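Notes follow once the structure below has been shown.
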Amino acid sequence: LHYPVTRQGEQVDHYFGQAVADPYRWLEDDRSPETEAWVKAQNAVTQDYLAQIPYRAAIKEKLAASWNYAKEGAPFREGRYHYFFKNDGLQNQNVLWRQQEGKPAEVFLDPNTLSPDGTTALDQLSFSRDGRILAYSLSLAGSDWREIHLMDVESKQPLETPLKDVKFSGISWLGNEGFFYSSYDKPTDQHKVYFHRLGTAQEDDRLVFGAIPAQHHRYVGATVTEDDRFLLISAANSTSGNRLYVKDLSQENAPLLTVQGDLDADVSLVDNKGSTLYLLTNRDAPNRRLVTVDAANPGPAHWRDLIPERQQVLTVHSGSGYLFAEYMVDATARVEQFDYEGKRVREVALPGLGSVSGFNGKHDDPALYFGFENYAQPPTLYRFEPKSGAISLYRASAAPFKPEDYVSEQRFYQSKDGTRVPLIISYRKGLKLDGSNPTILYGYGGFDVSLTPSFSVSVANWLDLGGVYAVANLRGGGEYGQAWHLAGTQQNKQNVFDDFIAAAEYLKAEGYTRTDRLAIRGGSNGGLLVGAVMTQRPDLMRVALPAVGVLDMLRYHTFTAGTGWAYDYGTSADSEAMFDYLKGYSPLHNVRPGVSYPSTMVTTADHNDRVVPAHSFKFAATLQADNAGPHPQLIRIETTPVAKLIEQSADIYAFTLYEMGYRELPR
């Protein structure tokens, strides 16, 4: 196996008088002739290696087939039509359909046509109060930038020229006058809120917040309440914590009032009832609570509990004049229904143990819809009649997978410090705990993100191939509130890696699998997780699959959206203690010459806005130069989409099973 030669530069960075060599610094430029040539060469070696795997084709074909099935989302009324997303199984992007009373359904907006190879994608859609105008954002290529298009809903033709330079933005209508959105320029790290009035040019949009020094923030958002009474402005500099402001829209030129003026807690708007604001917050409540306060004196000291904090994490949706409190019980959902006065109407019986979506609707919606799923249960839709609480099946899944053919169980293990951590293990019924089943252990562990049960075609296909899929709810995530999150941020980040290592040990000890049959996987912060564990414990697994990971913890913040993750990671510039902690686990800086790493398949796109390819490029290069054992250190750089995903999903599984010693499908 001959790796492409990777040139070593002379770059040397210094942190607190300490020197650190970075020979692959030139790879940080993913658009230079050199880097693009290296990328091309690498993909060559990789595809050549995968060519050796006989069953790859069968896996791809199995993946393709099982994916082709009709999908249809929940309907939602706007104006005089009911809209709904559909996919006949062969379409890259879901199509928005529309239908009027008794009349036949028609296509309303098909994103696939907006681009030859379906590159451009539909992100968010927002209808005016009357449903006569639709604003929707499109993401060209694969960047965080957007364009907001404006369509006349009746004729389905463009209303005005699209708004440009929109990013990390919402789209919230003030009646039928216009909408609020966010952008970094006028109308480069000072995000601002602007108001676009229909019938005017974007160059004249009025600045609402973010321009004066006191309002400078990296991220700002704006939302107008359903009844058009209040404008809520959130402002933040990092991924956790935000300030919040309110403006009464029934008054003429009302001033901004401060709901929360510090970044010591997250607080967001749920709805309003008259002049009373309903807010979800973790302020003085690690598991979050729902509070109310009068909009005319909305400070934290006046907030009053509507739904008090409990031992489980709270999330709140509103619809049909009710509030729906979703609680997380060991990563699985439970739902309760309350009225705006805080009185509990009932516990809503869910179809089982998993994840629920929905329960979101307008004040007047006669019925609410919700989806249910888990690792063995493909997405199912239900109709919930609010008043009686009657539930009825709305759309069974057309996916080619029978739930009862699988097992999905929850187990708890203990991490290094004794902490109890949940783990959900899924597989085809009939499996024996003899420790030989090929297994993929997945995790994330960060940014208060909770890994709740989710159905995946690619995963269900791994289960059919005889493999085991295990998802650990590591600290760093939000499964057990802020405490769970914080025990995995900054100088505690090692707790996340220890929890992951312990899950690996549990799976072997319980007979699910063994070291040569274990693969660990993760994406982004999960890519960091894999990179950190494979460098600290190369002896723990057979295959490592770090996707789009943050792997250079010393320079991650000098890049892209990296400037916004300091809350969770801290930066090498904060202090020497933080620099030392980061250098202590930074994957890129912990690869050592002479170590035998497991077979690795680093995945990433050639260009990416959120997590720059440089992380993966440099990590892969470093592994190829340092690895001593006979295991291949490869990198697959992606260069239509679902056809490219299936391709990549097949490449990963083929590589994994092949590296575990298989030369014929496990089953």
Side-chain angles (χ1 to χ4, degrees), residues 71-78 82-85 124-127 170 172 223 225-227 232 266 268-273 277-282 287-292 306-310 312-374 377-397 449-455 478-479:
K71 305 210 64 179
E72 189 178 319
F76 57 102
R77 176 184 169 298
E78 297 301 326
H82 275 77
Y83 295 71
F84 48 88
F85 286 101
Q124 293 192 61
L125 48 71
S126 192
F127 288 86
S172 197
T223 309
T225 62
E226 208 182 305
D227 67 347
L232 278 293
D266 300 311
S268 55
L269 166 74
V270 169
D271 195 8
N272 73 289
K273 211 281 230 295
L277 301 178
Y278 289 66
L279 309 158
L280 178 72
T281 184
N282 67 8
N287 292 320
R288 298 199 298 192
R289 56 174 170 147
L290 185 67
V291 303
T292 59
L306 190 76
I307 302 181
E309 189 194 5
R310 327 233 293 215
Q312 301 77 45
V313 172
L314 167 74
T315 302
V316 177
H317 300 287
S318 67
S320 304
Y322 295 110
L323 293 171
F324 294 88
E326 177 195 313
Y327 287 104
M328 199 163 277
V329 172
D330 300 315
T332 68
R334 296 293 184 289
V335 173
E336 296 187 20
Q337 169 183 16
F338 291 81
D339 57 37
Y340 281 56
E341 285 65 56
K343 306 196 177 305
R344 187 160 156 291
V345 180
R346 67 172 64 85
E347 151 74 340
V348 180
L350 297 175
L353 298 174
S355 297
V356 296
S357 59
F359 281 109
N360 309 91
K362 298 180 180 175
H363 288 154
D364 41 287
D365 284 349
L368 294 170
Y369 294 98
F370 73 82
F372 175 77
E373 61 177 284
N374 69 206
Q377 176 65 68
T380 304
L381 305 175
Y382 290 87
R383 178 159 177 160
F384 181 72
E385 314 288 312
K387 192 168 186 175
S388 73
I391 295 174
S392 47
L393 216 182
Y394 175 77
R395 280 272 182 295
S397 178
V449 167
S450 291
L451 305 192
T452 54
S454 163
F455 182 80
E479 294 85 344

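Numbers here are sequence positions counted from 1.
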Using side chain to side chain contact (heavy atoms under 4.5 Å, CB included) as the criterion, list what pairs up with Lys387, not counting sequence neighbours. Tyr322

So which atom in [X] and which in [Y] form the shortest heavy-atom distance, rounded to 0.1 Å?
X	Y	result
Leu381	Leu393	O-CD2, 3.7 Å
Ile391	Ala349	CD1-O, 3.3 Å
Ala325	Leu314	CB-CD1, 3.6 Å
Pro386	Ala367	CD-CA, 3.7 Å
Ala74	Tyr369	CB-CB, 3.8 Å
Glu373	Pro379	OE2-CG, 3.7 Å

I'd like to know whether NZ of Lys71 has more than 12 heavy-atom contacts from other residues, nucleotides or ligands below 6.0 angstrom. no

Let me know which of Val316, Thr292, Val291 forms a side-chain contact (heavy atoms from CB on, under 4.5 Å) with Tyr278. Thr292

Against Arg288, only a single residue in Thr281, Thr315, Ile307 fulfils side-chain contact (heavy atoms from CB on, under 4.5 Å); can you say which? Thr315

How many angstroms lie between [atom1] in [X] and [atom2] in [Y], if you round to the nearest 0.5 Å?
X	Y	atom1	atom2	answer
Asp364	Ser320	CG	OG	8.0 Å
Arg77	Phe127	CZ	CZ	11.5 Å
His82	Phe76	NE2	CZ	10.5 Å
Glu78	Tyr83	CD	OH	7.0 Å

Would you confirm whether [X], through its side chain, and [Y], through its main-chain N or O, come within 3.5 Å as a donor-acceptor pair?
X	Y	answer
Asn287	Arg310	yes
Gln124	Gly170	no
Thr380	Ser397	no
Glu385	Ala390	no
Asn360	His317	no

Begin with the C-alpha distance, continue with both residues' side-chain angles, and end with the deciding distance and a verdict on side-chain contact (heavy atoms from CB on, under 4.5 Å) for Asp227 and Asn272. CA-CA 8 Å; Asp227 67 347; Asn272 73 289; 3.0 Å; yes

Set out, in order, the CA-CA distance, both residues' side-chain angles and the distance that settles side-chain contact (heavy atoms from CB on, under 4.5 Å) for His363 and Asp271, then state yes or no. CA-CA 10 Å; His363 288 154; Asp271 195 8; 2.6 Å; yes

May I ask you to test the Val335-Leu350 pair for a side-chain heavy-atom distance under 4.5 Å? yes

Quick one, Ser450 and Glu479 - any side-chain contact, counting heavy atoms below 4.5 Å? yes

Between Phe324 and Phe384, is the ring centre distance below 6.0 Å? yes

Salt bridge (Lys or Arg N to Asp or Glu O under 4.0 Å) between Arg344 and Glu336, worked out: CA-CA 7 Å; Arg344 187 160 156 291; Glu336 296 187 20; 3.1 Å; yes

Plane angle bin for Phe370 and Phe359 - parallel if under 30°, tilted between 30 and 60°, otherwise perpendicular: parallel

Which is it for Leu306 and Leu323 under the side-chain contact (heavy atoms from CB on, under 4.5 Å) test, yes or no, and what are the steps along the way? CA-CA 10 Å; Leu306 190 76; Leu323 293 171; 3.5 Å; yes

If you look only at pairs with a residue in residues 318-334, which of them pass as a salt bridge (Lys or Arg N to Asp or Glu O under 4.0 Å), with sequence neighbours excluded? none

